[PDB]
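Order of the sequence lines fixes the chain letters, A, B, ..., with proteins taken first and strands second; residue numbering starts at 1 for each chain.
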Amino acid sequence: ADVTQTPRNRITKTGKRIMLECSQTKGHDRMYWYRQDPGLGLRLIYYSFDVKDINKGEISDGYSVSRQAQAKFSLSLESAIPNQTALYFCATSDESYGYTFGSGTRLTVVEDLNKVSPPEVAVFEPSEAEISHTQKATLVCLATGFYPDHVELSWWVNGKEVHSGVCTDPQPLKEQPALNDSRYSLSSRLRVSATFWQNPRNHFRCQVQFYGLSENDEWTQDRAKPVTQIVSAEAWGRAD
Amino acid sequence: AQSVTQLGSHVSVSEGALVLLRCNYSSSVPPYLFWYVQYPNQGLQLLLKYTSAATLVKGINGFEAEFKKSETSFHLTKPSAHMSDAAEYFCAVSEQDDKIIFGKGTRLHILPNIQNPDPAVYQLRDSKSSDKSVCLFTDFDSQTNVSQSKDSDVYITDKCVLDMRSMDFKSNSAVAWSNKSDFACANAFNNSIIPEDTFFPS
């Protein structure tokens, strides 16, 4: 109950068998696999009370499981389809409903890996009119043209991650809403005092962690292979 | 036969007001009941649980819930809504003597008390070379909401609240952008109902 899961993030093509593994140290009899989707909460897939004891939950179709050991409970997508894109959580329980959750597996299933694409990222500097009107200065980061929707955005000021003064959109938007494989975009704001923005020594960086292809994946296009990577944009403070 | 029902996928509360998140269950025999919170980006954390015992249960940070059999309820409350309370909250129940089943979740949106609003639309420029720009609608109070754009080449985000800890200062903003040559920040938010005193600099 250090409950641990592997992998943490994964993208897969449709029609592939994919395995997620849950391991525990406390050797509780009871282990569970859930999926989380927006608006549906956590739905139980399968659960197990001992080795070779397996029970269906509400959404077991398309999945199988194995309880290979007291410590291990494996979940497979038998032949991945796009609606199996979800956050997957394993859990253990004691005999008194004391649950311990793993930290999650974010899994995205795409039809075509050819559509995977890292973001382009830009920082937009504060308006002079904002600075004069409010004595505050808002930077905007825009991340565009990425697929799938599997990113983490952060801000870095003089090389240290910052949380204060930041707001990032809770979900990316579709660039082309009519398309099932539309690329995505995401914005974030960082607000500082005008004095701080006006110091030419301060450095501001928006970082986007993108999850994509692995080194293992075939790539046949001339454009850059869209591997998991960081894409940043930056600005320095401006006295004028 | 057993289930758990949360009312409203998304709910609002004014900063400083009583927090109330509702949960009801459908079990004949009283179940064990649980409230979990999921702060953004993170896993589930248990807040409190009813495990027969006391009817009024207490969690961290002022959270409480009272088990009420006669109305099959286990509503979560906290005395005062803080901006840090923004999260998704899940009610959950024991079922079939073998598992916990989860409600669908409610996201709590806390409306900041903006006592001196200063609504404005500003234009910002790309730090790298560019006739490339975005429009920032900012500093409006929580009576303003932002509408999705009418134009398929104009992109507009949801409003988002930031908290500048350095100055104890909270503000709302939404961002709009377009590649179009005819895109002006004066027009970016025309599909939204904006405050009559919104500032539009030169």
Less than 4.5 Å to any heavy atom of chain A: does that hold for the side chain of [X], its backbone, both, or neither?
| X | result |
| --- | --- |
| B/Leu46 | neither |
| B/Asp98 | both |
| B/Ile100 | both |
| B/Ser133 | backbone |
| B/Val175 | both |
| B/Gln6 | neither |
| B/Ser166 | backbone |

Within residues 128-135 of chain A, which positions have a heavy-atom distance to chain B below 4.5 Å?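 Against chain B, the residues of residues 128-135 of chain A that fall inside the cut-off (heavy atoms, under 4.5 Å) are A/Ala129, A/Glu130, A/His133, A/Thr134.
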
What residues of residues 229-240 of chain A sit under 4.5 Å from chain B when you count only heavy atoms?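 Contacts with chain B: A/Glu234, A/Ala235.
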
Quick test of your reading of the model: are B/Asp139 and A/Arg191 salt-bridged, counting only N-O distances below 4.0 Å?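 A salt bridge links B/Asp139 with A/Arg191.
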
Minimum side-chain heavy-atom gap [X]-[Y] below 4.5 Å:
| X | Y | result |
| --- | --- | --- |
| B/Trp177 | A/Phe124 | no |
| B/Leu136 | A/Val140 | yes |
| A/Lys136 | B/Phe169 | yes |
| A/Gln36 | B/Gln38 | yes |

What pair of heavy atoms forms the shortest contact from B/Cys160 to A/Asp169, and how long is it? SG-N, 4.3 Å

Which atom pair, heavy atoms only, marks the closest approach of A/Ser164 to B/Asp163? OG-O, 3.6 Å

Who pairs with A/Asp149 by side-chain hydrogen bond (donor to acceptor under 3.5 Å, both in side chains), at least two apart in sequence or on another chain? none

Quick check for you: among B/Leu44, B/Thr51, B/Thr106, B/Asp153, which has the greatest number of heavy-atom pairs under 4.5 Å with chain A?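 Result: the option with the highest number of such pairs is B/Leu44.
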
Between B/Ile101, B/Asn41, B/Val134, who has the most heavy-atom pairs with chain A when the cutoff is under 4.5 Å?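 Going by pairs under 4.5 Å, I would pick B/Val134.
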
Between A/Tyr97 and chain B, which part of the residue has a heavy atom less than 4.5 Å away: side chain, backbone, both or neither? both

Say whether B/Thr157 and A/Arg189, considering side chains only, have a donor N or O and an acceptor N or O under 3.5 Å apart.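 The answer is yes; a qualifying pair exists.
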
Would you check if there is a donor-acceptor pair between the side chains of B/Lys99 and A/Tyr32 at a distance under 3.5 Å?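 Judged by distance alone, the side chains do not pair up.
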
State which residues pass side-chain contact (heavy atoms from CB on, under 4.5 Å) with A/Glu175; sequence neighbours excluded, sorted by chain then number. A/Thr144, A/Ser182, A/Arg183, A/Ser185, B/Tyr155

